[PDB]
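Student: below you'll find the sequence and an experimental structure to go with it.
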Amino acid sequence: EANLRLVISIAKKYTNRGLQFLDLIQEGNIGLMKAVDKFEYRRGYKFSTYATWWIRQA
DNA sequence: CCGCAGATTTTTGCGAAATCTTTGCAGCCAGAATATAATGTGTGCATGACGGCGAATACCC
């Protein structure tokens, strides 16, 4: 819930290139949950960086 | 008007290949796995008929 803004901001870049924005943010939320399930801080990286690639893939 | 020849009919035989399932192959394809920097924002709003009409809140008397 706290990271939905990242999904919205990322998806609005892809909205100008066709496809509904709402579907994009829903898929990005799916990818965000996938990243959350796989996130760790033992790596030392920022969560936003890790979630960015997941959201882009979704 | 009848028996054989031309034409037509009867019968046995071999090659050919195609099809159905199985096996090996290659292009297609799906999910699973990895850790680059990026979170209150974008956004389309495109816009000058005309008549009828009930529904939905407002407001005077």
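Tutor: Good, I have the coordinates. Numbering: from 1, shown residues only, chains lettered A, B, ... in the order given.
Student: what separates whichever strand or helix holds residue A:51 from the chain centre, distance-wise?
Tutor: Using DSSP states H and E, residue A:51 maps to helix A:47-57. In terms of Cα atoms, centre = their mean, to the nearest Å, the centre of helix A:47-57 is set 5 Å apart from its chain centre.
Student: in it, what counts as buried?
Tutor: By neighbour count on 16 or more other Cβ atoms under 10 Å, the buried set for helix A:47-57 is A:47, A:50, A:51, A:52, A:54, A:55. C-beta here means a position set from N, CA and C on the backbone, and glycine is covered the same way.
Student: from the residues you listed, which is closest to residue A:17?
Tutor: Nearest to residue A:17 among those, counting by Cβ to Cβ, is residue A:55 at 15.4 Å.
Student: for that closest one, give its distance to residue A:29.
Tutor: Distance, residue A:55 to residue A:29, using Cβ to Cβ, to the nearest Å: 9 Å.
Student: again, but for residue A:5
Tutor: 11 Å.
Student: wait, residue A:4 sits on residue A:36?
Tutor: No. Using Cβ atoms under 8 Å, residue A:4 makes no contact with residue A:36, being 11.8 Å away.
Student: in chain A, where's the longest helix?
Tutor: As assigned by DSSP state H, the longest helix anywhere in chain A is helix A:21-38.
Student: please point out which parts of that helix sit buried.
Tutor: A:24, A:25, A:27, A:28, A:29, A:31, A:32, A:35.
Student: distance check, the second one against residue A:44.
Tutor: I take that to be residue A:25. Distance, residue A:25 to residue A:44, using Cβ to Cβ: 29 Å.
Student: cool, thanks, talk later.
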